[PDB]
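Subsequent text provides structure tokens for two forms of one protein chain, presented individually as structure 1 and structure 2.
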Structure 1
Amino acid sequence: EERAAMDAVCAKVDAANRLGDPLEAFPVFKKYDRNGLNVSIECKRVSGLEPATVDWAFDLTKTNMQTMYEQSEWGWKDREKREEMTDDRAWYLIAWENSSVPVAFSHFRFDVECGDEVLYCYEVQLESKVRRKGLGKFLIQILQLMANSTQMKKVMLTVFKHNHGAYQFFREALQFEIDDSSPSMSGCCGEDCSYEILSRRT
């Protein structure tokens, strides 16, 4: 009885991936108007985004992350990242300042990881000028809500150990745990990897 287990899990993922607007029931999360911001938030599949929006999101990711990727074991390759960001399974939360200028986004997916239904956050990226205003925390709280409303078991993400601000944001401010799949949770002599996998159960 091993296919029955993954079938219940994959059914829930497949259903979430057929949703229209995962935030339709939650209009209060479509605005963030604190600390000088006036943002409107939308949740769309990548197929619903304009090409210039995808370009902005890729460029913001590259600006913020390219050096940190090269400092890691992964490296940075434009094509690999663009293909990941434009996969048909990609979902986006996009924050538009004054409903007009894109200033932040998350790329997330409903997927199976280690036999569990999860919401995987593949990116959370803010322009520098909108940081330390609570917007990133709010976007992650939206992800947590969507994980609950679709019956996922956790929100998961990867963070570089050398991305010290993001590590403190997730681990301390948002109290994500180190996931059992993280490299640090294998081996009893302190292995050496440059990222951690973090998660927060629903």
Structure 2
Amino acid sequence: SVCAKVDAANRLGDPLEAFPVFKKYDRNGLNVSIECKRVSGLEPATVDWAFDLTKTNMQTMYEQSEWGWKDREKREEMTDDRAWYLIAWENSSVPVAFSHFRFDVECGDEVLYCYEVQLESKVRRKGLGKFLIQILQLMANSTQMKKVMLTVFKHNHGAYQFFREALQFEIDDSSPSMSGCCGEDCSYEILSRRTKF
């Protein structure tokens, strides 16, 4: 059942274990190791770093959206027991990028939902962001999720092109239609990529 696959994925110790060669990224002057852990397996400073980076990167965009920036609410989302983190480490010490994701039931399907993918400014445009989303798609396959899903702000033109063009995400059926937010277009789109099987 749908329940069963989601529960099984959340019982994994290390979902990235099935793809050992993807635990390193050494391209374009980057040399990082990549780990996948429950939020419970991170040091508090790492969780704080991830939140701080998201706020630095996203606060202004949230403020111009229908949601606003909810400081406490974002911290609680990112520290939830069900959260998984993909973290890229430089020099065995310094976190420089992460994705926070969950295995969940979304519009009735077993899906890997990506809440955040965030990179430090200094490591952007070197393929690492694409690599992290690739890894999410690998994990979706090995756990037999039906899609990887996420939400993007349309005003975030870079991230929008990143997902729609570079990664060929499509607009999900759950994305609110035109005139869908209080009689007007929503500032965001829900995007997805189906797993192939």
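Sequence positions of structure 1, starting at 1, serve as the residue numbers. C-alpha atoms forming the largest set that superposes within 1.5 Å between two forms make up the rigid core. Only residues modelled in both forms are compared.
Once both forms are fitted on their rigid core, the CA atom of residue 193 lies less than 2 Å apart between structures 1 and 2. The Cα shift for residue 182 between structures 1 and 2, taken after rigid core superposition, is smaller than 2 angstroms. Comparing between structures 1 and 2 on a rigid core frame, one finds that residue 100 has its C-alpha moved by 1.5 Å. Comparing between structures 1 and 2 on a rigid core frame, one finds that residue 57 has its C-alpha moved by 0.1 Å. Comparing the conformations between structures 1 and 2, with the rigid core held fixed, yields only the displaced run 184-191, spanning 3+ consecutive residues whose C-alpha shift is 2 Å or more.
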